[PDB]
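Undergrad: Experimental structure and its sequence below.
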Amino acid sequence: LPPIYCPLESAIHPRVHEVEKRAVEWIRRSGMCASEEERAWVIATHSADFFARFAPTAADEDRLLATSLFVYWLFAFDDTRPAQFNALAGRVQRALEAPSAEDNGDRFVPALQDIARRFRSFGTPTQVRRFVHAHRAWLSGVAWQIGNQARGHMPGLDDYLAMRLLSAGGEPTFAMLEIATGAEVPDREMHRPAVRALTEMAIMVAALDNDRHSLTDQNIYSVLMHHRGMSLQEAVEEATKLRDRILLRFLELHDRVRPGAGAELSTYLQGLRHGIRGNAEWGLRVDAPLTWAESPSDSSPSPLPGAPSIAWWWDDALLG
Amino acid sequence: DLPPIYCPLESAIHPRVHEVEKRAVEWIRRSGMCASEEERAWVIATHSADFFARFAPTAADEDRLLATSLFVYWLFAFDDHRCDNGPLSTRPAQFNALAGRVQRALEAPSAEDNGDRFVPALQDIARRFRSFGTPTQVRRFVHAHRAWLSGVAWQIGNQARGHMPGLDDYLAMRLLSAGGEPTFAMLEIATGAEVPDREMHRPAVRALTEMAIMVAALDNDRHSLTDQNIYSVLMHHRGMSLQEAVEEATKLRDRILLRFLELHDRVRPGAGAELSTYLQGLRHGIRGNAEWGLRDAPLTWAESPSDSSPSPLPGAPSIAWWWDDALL
């Protein structure tokens, strides 16, 4: 119901329409889609538009295209029993890490191995490893989500946020920023806990803005209605306060970290911000005047009570 | 009828192994990881300090060898109570949630246990790793850890279904499920020798690491001799007798160790000091895994490999890139 708090930079790659054209071509020739109907559904995600908002100045069009292809792949992959899914997650992950892996008629594997080949031609082995690890973390979150559903386990807030941090696909999406820009972030800066907390907070906000398409009954609203005995409206109210409070922490930690940051880490952080805005904006649009909340619905500087898995995001002692 | 192991690698053990084992035994008693005295004695009897003292035998800091040794105890204990034997060993849906809760606890110190006695123990190990490892080395460990849990989740999925994976899926799965990724990723932590990203992530070093892990895994399948292991896989998929499968298994394991030795000899000369140390660790680890498996008494080793082919293994495309030098 209420308008989104997002005081972050909005921009989109100027060559977005050219990337999109090539991406529609790759989707058609990729084998990942059985019928015309399924290819139109994938094309209709507008994933080139989505990702062009994450890396709006990427110098290499090919880089943007490759990264964009994976966002199309991820929406096509998302669209299985836990036991089979755990095997499928293992095979798909192996194919990403081993080019000699063979498809065995699985329609997703050749397409991901084509994305991986492209990533290997542009990115350092280091950047490829970051993407590989982010990819496994997303697959873990999806395995967790499919598990809860098969059992009829509605997770509490803490488990839901931990799981949705992985299952929403934000880890692999944000790990593509460097591959798209070419700006290699040194280990010493990338793995600073402060930078990990910023990455996870960007991911968590994009995930909660995606949930907002209550229009998978494992979502923040279901979780709060089931565990707090709230109505839908009391839960939309409570979800917005949680989310706004996370993005308020992100802006605060970002302003403490940005000043000292080198060129490559600065580009990456601008990416986090472009991606949070891009994610909210793309969700609302998929050129109408959009209204944005000028102010957060909850301004508390404190950790979320009930969510101890994310409280370290607020512990400055632990982030230095 | 069990042929001796081909392992012409350096066997060595930390001179302070007994001092570290004593501290390890006391941590175990205080950890809360063990419900009963029978469990404490089971975990102590793994001799995991002996095990990892063979992986990092010149570790300058005893506290680093202790912390990495604790995770080896933890791993045996978590494998035996939550992965291999209890209600979760055929309940992938419940395991996927545990894998998620444990992995999150490793990455987030503010995480709460929720009635899990394995979690506070892991968090203590994690606190140790963050006290003296770099954030980079901690992330290398965290990522290796999730990789191992994904293998176990795959394995448990296969078990619930009574699905016997083919050779390709079994080697892919077992590369993860046998716990070699997070075991080998603790070398740097024990040792203190931080390997730069550009060296660590080199396809050649990744392949040497996978090969080290795959030999240790198949040495572990041998040590344990329906069940998903190399022997049941070859018996089911090639219609072999146990005896033919034991011989086929030794052959393919020996082929992988030969490629590892061959790639090692090409990479080692140019390696800087930290990558050299890491490499030595892979070698010490393969041998130490095999040797700890067979235990005072004289051990017999095979002098020659049972198969000397220099090409990729038939029926396992997922590992063929270990032999592709243009890619490495």
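TA: Great, that's in hand. Numbering: from 1, shown residues only, chains lettered A, B, ... in the order given.

Undergrad: I figured residue A:116 hits residue A:98, correct?
TA: No: with contact defined as Cβ atoms under 8 Å, residue A:116 and residue A:98 do not form a contacting pair (9.4 Å). Placement of C-beta: from N, CA and C, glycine included.

Undergrad: I'd like to know how far residue A:48 sits from residue B:198.
TA: Using Cβ to Cβ, to the nearest Å, one gets 32 Å for the distance from residue A:48 to residue B:198.

Undergrad: The two: who's more crowded?
TA: residue A:48 (27 against 14; other Cβ atoms under 10 Å in any protein chain shown).

Undergrad: Now do the contacts for the residue most central in space within chain A.
TA: Among the residues of chain A, the one closest to the centroid is residue A:170, at 1.7 Å (Cα atoms, centre = their mean). For residue A:170, the contact set (Cβ atoms under 8 Å, 6 or more residues apart in numbering or on different chains) comprises A:138, A:202-204, A:206-207.

Undergrad: And for it, nearest residue in space, chain neighbours not counted?
TA: Closest residue to residue A:170 apart from its sequence neighbours, by Cβ to Cβ, 6 or more residues apart in numbering or on different chains: residue A:203 at 3.4 Å.

Undergrad: who's in contact with the one you found?
TA: A:165, A:168, A:170-171, A:174.

Undergrad: at 10 Å what do you get?
TA: By Cβ atoms under 10 Å, 6 or more residues apart in numbering or on different chains, the residues touching residue A:203 are A:134, A:137-138, A:164-166, A:168-174, A:272, A:275-276, A:279.

Undergrad: Check residue A:150 too.
TA: A:80-83, A:85, B:92-94, B:96 are the contacts of residue A:150 under Cβ under 10 Å, 6+ apart.

Undergrad: Next, format these as a markdown table and append secondary structure.
TA: A markdown table is the format used below for the contacts of residue A:150 (DSSP: H, G, I helix; E, B strand; the rest coil):
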| residue | secondary structure |
| --- | --- |
| A:80 | coil |
| A:81 | coil |
| A:82 | helix |
| A:83 | helix |
| A:85 | helix |
| B:92 | helix |
| B:93 | helix |
| B:94 | helix |
| B:96 | helix |
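
Undergrad: For those residues, work out which two are farthest apart.
TA: Comparing all pairs in those by Cβ to Cβ, the longest separation belongs to A:80 and B:94, at 16.8 Å.

Undergrad: you'd agree residue A:9 is up against residue A:278?
TA: Yes: proximity of residue A:9 to residue A:278 meets the contact threshold set by Cβ atoms under 10 Å, at 9.4 Å.

Undergrad: any residues in contact with both of these two?
TA: Joint contacts of residue A:9 and residue A:278 (Cβ under 10 Å, 6+ apart) are A:53, A:56.

Undergrad: Run the chain-centre distance for stretch A:129-144.
TA: 11 Å (Cα atoms, centre = their mean, to the nearest Å).

Undergrad: does that stretch come close to chain B?
TA: Yes: using Cβ under 10 Å from any Cβ of the partner chain, stretch A:129-144 reaches chain B at A:129-130, A:132-134, A:136-137, A:139-144.

Undergrad: Skipping its backbone neighbours, what lies nearest residue A:240 in space?
TA: residue A:297 (4.9 Å).

Undergrad: My read is that that neighbour contacts residue A:245, right?
TA: Yes: assessed by Cβ under 10 Å, residue A:297 is found in contact with residue A:245 at 8.6 Å.

Undergrad: Quick check: neighbours shared by the two?
TA: Counting by Cβ under 10 Å, 6+ apart, nothing touches both residue A:297 and residue A:245.

Undergrad: And the residue of the stretch 101-250 of chain A closest to chain B?
TA: residue A:147 (3.5 Å; Cβ to the nearest Cβ).

Undergrad: Surely that residue touches residue A:80?
TA: No: Residue A:147 is not in contact with residue A:80 according to Cβ under 10 Å; the separation is 11.2 Å.

Undergrad: Would you mind grabbing the residues shared as contacts by those two?
TA: With Cβ under 10 Å, 6+ apart as the test, residue A:147 and residue A:80 both reach residue A:86.

Undergrad: Just give the nearest non-adjacent residue to the residue of the stretch 101-250 of chain A closest to chain B, would you?
TA: residue B:96 (3.5 Å).

Undergrad: Residue A:59 is in contact with residue A:182, isn't it?
TA: Yes: using Cβ under 10 Å, residue A:59 is in contact with residue A:182, at 6.4 Å.

Undergrad: just how off-centre is stretch A:154-167 within its chain?
TA: 15 Å.

Undergrad: To clarify, my last question referred to stretch A:235-246.
TA: 19 Å.

Undergrad: got it, and stretch A:149-159?
TA: 21 Å.

Undergrad: Kindly check the end-to-end length of it for me.
TA: 13 Å (Cα to Cα, to the nearest Å).

Undergrad: Same question for stretch A:226-239.
TA: 13 Å.

Undergrad: Now do that stretch: everything it contacts.
TA: In contact with stretch A:226-239 (Cβ under 10 Å, 6+ apart) are residues A:1-2, A:154-157, A:160, A:208, A:211-212, A:214, A:217, A:219-225, A:297-298, A:306.

Undergrad: mind running it again at 7 Å?
TA: Contacts to stretch A:226-239, defined as Cβ atoms under 7 Å, 6 or more residues apart in numbering or on different chains, come from residues A:1, A:154, A:156-157, A:208, A:220-221, A:224-225.

Undergrad: Same check on stretch A:71-81?
TA: A:23, A:27, A:32, A:42, A:45, A:47, A:50-51, A:88, A:108, A:111-112, A:115, A:146, A:150, A:169, A:172-173.

Undergrad: tell me the contacts of residue A:194?
TA: A:253, A:257, A:319.

Undergrad: Next up, the contacts around the first one.
TA: Right, the one you point to is residue A:253. A:194, A:197-198 are the contacts of residue A:253 under Cβ under 7 Å, 6+ apart.

Undergrad: let's see it at 8 Å
TA: Per Cβ under 8 Å, 6+ apart, neighbours of residue A:253: A:194, A:197-198, A:201, A:313, A:319.

Undergrad: So residue A:193 is in contact with residue A:317, correct?
TA: No: with contact defined as Cβ under 8 Å, residue A:193 does not reach residue A:317; the gap is 10.5 Å.
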